[PDB]
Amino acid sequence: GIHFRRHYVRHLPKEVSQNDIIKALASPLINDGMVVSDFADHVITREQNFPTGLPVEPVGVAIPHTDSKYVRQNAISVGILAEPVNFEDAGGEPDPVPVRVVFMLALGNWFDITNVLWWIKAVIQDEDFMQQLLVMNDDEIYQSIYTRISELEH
């Protein structure tokens, strides 16, 4: 299944770069041995080459990830950004994407990858739930996301 724990959610401040977000969101996954040590660096490498900016409304979303061979156990870490930060567009668009919600994926199983992308697609199209992600605290977000993830593994 997919490991999603309380310190896999965190709010991030106003002055963080794309690389800071990656490293922060990956820190607890490394610490828990969910991923290899240089996992953040491969996510940055993969992002520089295959961007994951989703310009959905009302809140921009990003799905940074790397290769499944760098994963030891399935996990997801979630980031809420104080200010919007720009990601390059996933559909090859030249315009950057403002993003306030980040789903870092550390999935080694193809069936989880597709189940999780499908779920994220339904989630960012829920205008209500997106607006909650911008006001809930970490314990609320962790409680809400956790029960939803559990609905995928079954």
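In this text, residue numbers run from 1 along the sequence as written.
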item	value
111-119 versus 81-89 - which carries the larger mean C-alpha B factor in the record	81-89
141-149 or 9-17, whichever carries the higher mean Cα B-factor	9-17
Residue of maximum C-alpha B factor among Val102, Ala106, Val59, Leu54, per deposited coordinates	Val59
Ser27 - Cα temperature factor, lowest/middle/highest third of chain	middle
CA B-factor ranking of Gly33, expressed as a third of its chain	middle
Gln48 - Cα temperature factor, lowest/middle/highest third of chain	highest
Where the record places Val97 (Cα B-factor, split into thirds across the chain)	highest
Within-chain third of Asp67 by Cα B-factor, per the entry	lowest
